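Only one structure is covered here, and it is reproduced in the block below.
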Amino acid sequence: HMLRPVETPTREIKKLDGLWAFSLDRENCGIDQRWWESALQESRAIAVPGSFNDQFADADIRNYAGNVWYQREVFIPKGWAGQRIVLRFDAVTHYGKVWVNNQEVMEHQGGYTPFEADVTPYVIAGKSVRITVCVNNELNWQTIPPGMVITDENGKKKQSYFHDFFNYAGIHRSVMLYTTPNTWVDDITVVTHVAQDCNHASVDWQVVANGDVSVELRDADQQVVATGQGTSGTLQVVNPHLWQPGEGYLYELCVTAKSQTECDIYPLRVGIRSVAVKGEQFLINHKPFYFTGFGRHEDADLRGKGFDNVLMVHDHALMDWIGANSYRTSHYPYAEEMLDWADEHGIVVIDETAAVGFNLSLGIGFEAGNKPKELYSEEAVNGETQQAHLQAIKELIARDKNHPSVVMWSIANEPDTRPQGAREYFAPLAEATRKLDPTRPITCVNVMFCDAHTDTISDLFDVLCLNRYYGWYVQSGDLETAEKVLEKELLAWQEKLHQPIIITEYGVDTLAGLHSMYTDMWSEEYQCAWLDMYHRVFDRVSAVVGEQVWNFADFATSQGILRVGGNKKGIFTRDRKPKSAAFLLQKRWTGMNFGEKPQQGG
Amino acid sequence: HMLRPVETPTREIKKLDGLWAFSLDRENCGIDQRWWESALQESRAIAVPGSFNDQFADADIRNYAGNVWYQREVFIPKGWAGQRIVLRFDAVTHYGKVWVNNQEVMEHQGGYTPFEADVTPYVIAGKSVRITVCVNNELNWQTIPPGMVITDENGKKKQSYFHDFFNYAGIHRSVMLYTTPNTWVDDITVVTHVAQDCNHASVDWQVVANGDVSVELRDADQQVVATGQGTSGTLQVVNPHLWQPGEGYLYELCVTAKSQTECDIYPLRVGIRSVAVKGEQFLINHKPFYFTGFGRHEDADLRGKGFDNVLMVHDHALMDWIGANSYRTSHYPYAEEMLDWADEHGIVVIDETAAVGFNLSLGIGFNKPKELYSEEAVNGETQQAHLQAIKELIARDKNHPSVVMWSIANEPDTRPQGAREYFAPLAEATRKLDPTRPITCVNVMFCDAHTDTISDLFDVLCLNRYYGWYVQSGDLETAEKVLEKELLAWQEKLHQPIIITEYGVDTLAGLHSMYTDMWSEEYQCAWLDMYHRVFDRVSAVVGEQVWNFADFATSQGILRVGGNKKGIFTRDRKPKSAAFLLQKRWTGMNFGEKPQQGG
Ligand SMILES: O=C(O)[C@H]1CNC[C@@H](O)[C@@H]1O
Ligand SMILES: O=C(O)[C@H]1CNC[C@@H](O)[C@@H]1O
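Listed in order, the protein sequences are those of chains B and C.
Each residue of the first sequence is one higher than the one before, starting from 0 at the first, in the deposited numbering.
With the deposited numbering as the guide, the letters of the second sequence map in order to residues 0 to 365, 369 to 601.
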């Protein structure tokens, strides 16, 4: 049960104050000598939210593998006497264990979705309470994402993994204590059905803990348009203002939880909108839609994957300027602020789990050992990797279920689907995801070397999501040969599956400032030509309903002879400065009419 | 047999000067309709010397594979009535064939050595004469370097190859027309022996066609120090000025060709010095020398591999500043002007053939064959092309005091058997053709001491290691333990001198990092210094040459950010902050003397 904390006859004390106490544990005795009992020794100040790696400008904290210790004191408000108090961490990256004055209250593995615990019986209103958090940043074959922790002869651990972004860790989003009455709405689910844009039914179901419920649906003018009663089985009839790409009109669903003595009211934002895959078209409110935009990353210069409000306002200014209407939460669930923003401004979003790197055939990642000889086996990606993967799909859906901006679930990104057993693994989670949320189409993002003749699992999903790099990793430099290989591949995919096709990753590494008269790899002129050749192919294949440039911005990776200080396929630099290709995309995406496929002309 | 032209009663008109007419031949019909009979149709101005690839800022010229046509007119000087006249191309890269007004005079395969021809019966002094050159840049398995032309499904050629530098082609060095009397010295060989630097001997052997000759030795003051005579070679011995890596003193041996009617005088520069490998030591006139310097490339911005005097003077100023006393002519024979400069200033040179890319296990260059040494690919025909490359490299550079060692090939894969069947005869024929200098073969990283098969056949051990870059990436401390364990494993196996001819890490100028991580200028500094503190504790190491004096152009790949970035300087010769590191080390050292495990 997961709900976004809101402030309506409910209160929150943001504990994000940053400047927590921070300590590493190289001897791995913090669990032994009970570090949560007293003030951290030889600690230093750390900002929260924020990864711990880049904050101190020291490589040995940056590449540390093990447990980190955060600690903070906080005075708990007097006026929260008869109230229930909840300690919430919206993301502790990988593993987190918390102590409230020598008492463990919570424990979570999963670095990108929130976890909380009821803290009332160990908190006194008016007294200062000390909060110790043990965070772990290791990945094994049953974590999501997977990885291999490699011990040397002296016990120093080096993390190897198989995905192309740096494994930033720490407390990445907002830590809060919030209240609630002892009768409280604990979960809301809303489904919206659309019938040619004139009258529609909003199935409601609510799991209040301790009260009867009435619901009331208010519009943007806060006028009541519909009322309902009952723990569930609320379905309200409207003459509506649809949630549309571009505007994002949001109704408001006020859920009342009234007991004999107390009362609780929760406002949930509701977008009225239907998503459906019919033929080779991805229909939003029964109209064919064309995706434009980006694969993104939660990546910045000194906060790592730390959330930040200026960074979110500025990147949406840029995505609005360049003409993008969509993005994919590339490789992990994002902060909820991001999806709340998409809800307000009508931005279409593909939501993605953290299941990246189910593939040991890429030079991508960190290679500090020897990879297993078979990916789908008891040693690697086993039945428990599958249960961890299921668990990650349920937590992801459990948080973003009612966001109207989410149009698709991405179960995984570029798994290797050649070995038999890839389907033994992915088929159960594809049907289990459809049983978790049957209102949104389902996808898995397909790697380049699993061509249409070789891929084994793509028929289990609704939309085909492709990542292609013809002319970069293969046919390097040869635009005219690449155009032929790409058009042949895309027509083969369409003929075999007859699904809609979104290209979720296409891009080339580009040094900002490197220019060439020969349109060479790594030059800004190559990026431009390469993107425009891809665009001429898309416009000639009817089944293509989306284009998402691989990254919006340069981002940090682990060290390797393929990664010049990070991955450089961004349209913008890491400090958000535009490369030449940014004006290429702006002319395309603002020259098309909104949400519709270019008819191969202009 | 070949000599570099000079000028005391021998003449020269360098047709190098300026613009020739240039045209591609995408239809391969130049030979068919015999383009040498008329002026090139639809030509354009090209500069010689210079690669044709980068001169036009056209991608379709730059990546061209096939035939290209140079053409030029020239007035034959009138004072040349009774002289015999030679047309000399000092380099036409890969293949050239020459016409001198509808008469074909010469043709050469091998893109880095000179080739000439007598042109007298086809010129008469005082008239304009047309020169057409058909240049080819295709590599196959029987060329040095080898390559693989793959033709598409219908029509176009694309050239694949296995070395890590761009395949620049065209007329890269000087084109000259020179005269000579009809009795003339054709070739001169000089070998010099020293014992304890007090009074020593110049064994002479020379071929003068067309007459009996005086041979006379003058010193830097034009003072005659010994005269001796014959027609073929006999020895000379007086009290000398040794050619030393510090100074570079050059005596001069004049050869005066006496015939009945005519006479011809050739001035040859002679540096009197010995070279010998003894135990683990590289001795120059019997004192151990310690090499410092660079693997270099002939690579400038708009000219490709075209020679250029300003670029030569500037790069030598920079190597002089940084303190390097040596360098290796990485992966092809260099311009002779470099080796004459090395003569004058006493720079020690490791000279090398174009035998690069005898390895299909790298991810550099460019359906490749299964086994390196077989009939498909490297066969008996490649072995003779390889030997021929050695023949004309040695025949070109035998008289240079600065050429201290020959390198027969660069990073060949010596794991498949047949590598020794291939390389044993090459080593012995090379010793047969010049036994005055040691010979080596530079060894790849993945063929460490317990894998390599042909280290025995050479006098010094040449190593190219990149621990911390291509393996244990970023890990300076584990790279240190691999690097030093190997350096001692090699010395126990062979007790050879060990010159590290390649070590470097790609580094983008401007990229700085508080973490000492790859691609940053800081990583380049720390990595180099760690390799240095490993060198100084291994007794058998005789030289260090960091991989590359300057960023250079390669073929396009995901491993090459707009070229190879392992340079100490950038392509325009600006110093990355590691240049100050090496100048600290190479100038704090005593000259040519190893650091004694410290400072
Ligand atoms: O290699 C790349 O640039 C991309 C290839 N596909 C997966 C991404 O995580 C990765 O960033
Ligand atoms: O990979 C590299 O940078 C070097 C490795 N050894 C041989 C060089 O030609 C090459 O350039």
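Even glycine gets a Cβ: it sits at the ideal position worked out from N, Cα and C.
Query	Result
DSSP has residue 466/B in a bridge; who is on the other side?	504/B
According to DSSP, simplified to helix, strand and coil, what is residue 582/B?	helix
Give me the Cα-Cα distance between residue 255/B and residue 212/B, rounded to the nearest whole angstrom.	5 Å
Tell me which same chain residues have a C-beta within less than 7 Å of the C-beta of residue 321/B, skipping the five on either side of it?	581, 584, 585 and 588
Cβ of residue 173/B within 8 Å of Cβ of residue 306/B?	yes
Confirm the yes/no value for this check: CB of residue 298/B, any heavy atom of ligand 1, distance under 7 Å.	no
What residues from the stretch 563-587 of chain C come within 8 Å of chain B, judged by C-beta to C-beta, listed N to C?	563 and 564
Is the beta carbon of residue 450/C within less than 7 Å of some heavy atom of ligand 2?	no
Would you kindly check if the distance between the Cβ of residue 30/C and the Cβ of residue 69/C is under 8 Å?	no
Going along the chain, which unbroken runs of the beta strand (DSSP E) with 3 or more residues stay wholly within the stretch 111-171 of chain C?	114-117, 127-135, 146-150 and 156-160
Would you please verify whether the beta carbon of residue 345/B is less than 8 Å from any beta carbon of chain C?	no
Using a C-beta cutoff of 8 Å, does residue 532/B count as contacting chain C?	no
Mapping DSSP to helix, strand and coil, what is residue 346/C?	coil
Does the Cβ of residue 93/C have 16 or more other Cβ atoms within 10 Å, making it buried, or fewer, making it exposed?	buried
Does the beta carbon of residue 457/B sit closer than 8 Å to a beta carbon anywhere in chain C?	no
Relative to ligand 2, is the shortest distance from any of its heavy atoms to the C-beta of residue 163/C smaller than 7 Å?	yes
Using CA coordinates, which residue listed in 262/B, 253/B, 202/B and 76/B is at the minimum distance from residue 234/B?	202/B
Can you name the residues of chain C whose CB is closer than 7 Å to the CB of residue 519/B?	558 and 564
State the beta-bridge partners of residue 509/B as determined by DSSP.	521/B
Could you tell me whether the stretch 337-346 of chain B touches the stretch 376-383 of chain B, where touching means 3 or more Cβ pairs closer than 8 Å?	no
Is the CB of residue 471/C under 8 Å away from at least one CB in chain B?	yes
When Cβ atoms are compared, which residues of the stretch 157-189 of chain C fall closer than 7 Å to chain B?	none
Could you check where the beta strand (DSSP E) with residue 367/C kicks off and where it finishes?	Note on chain C: numbering goes from 365 to 369 directly, and residue 367/C within that interval has no coordinates.
Tell me whether residue 423/C counts as near ligand 1, meaning its Cβ is closer than 7 Å to at least one heavy atom of that ligand.	no
Could you name each continuous alpha helix (DSSP H) segment of 4 residues or more that falls completely within the stretch 395-462 of chain C, going from the start of the chain to the end?	421-435
Using a Cβ-Cβ distance under 8 Å, would residue 591/B count as near chain C?	no
Taking all protein chains shown into account, do 16 or more other C-beta atoms lie within 10 angstroms of the C-beta of residue 162/B, making it buried, or fewer, making it exposed?	buried
Give the DSSP-derived three-state secondary structure of residue 537/B in the structure shown.	helix
Suppose contacts are defined by Cβ-Cβ distances below 8 Å. Is residue 268/C in contact with residue 241/C by that definition?	no
Quick check: is the beta carbon of residue 506/B nearer than 8 Å to any beta carbon in chain C?	no
Can you say whether residue 467/C is buried or exposed, counting buried as having 16 or more other CB atoms within 10 angstroms of its CB?	buried
Using only the alpha-carbon positions, how far apart do residue 538/B and residue 302/B sit?	39 Å
For the alpha helix (DSSP H) that residue 486/C lies in, which residues bound it at each end?	478-496
Under 8 Å between C-beta atoms, does residue 490/B make it to chain C?	no
Go ahead and pull the three-state DSSP assignment for residue 280/B.	strand
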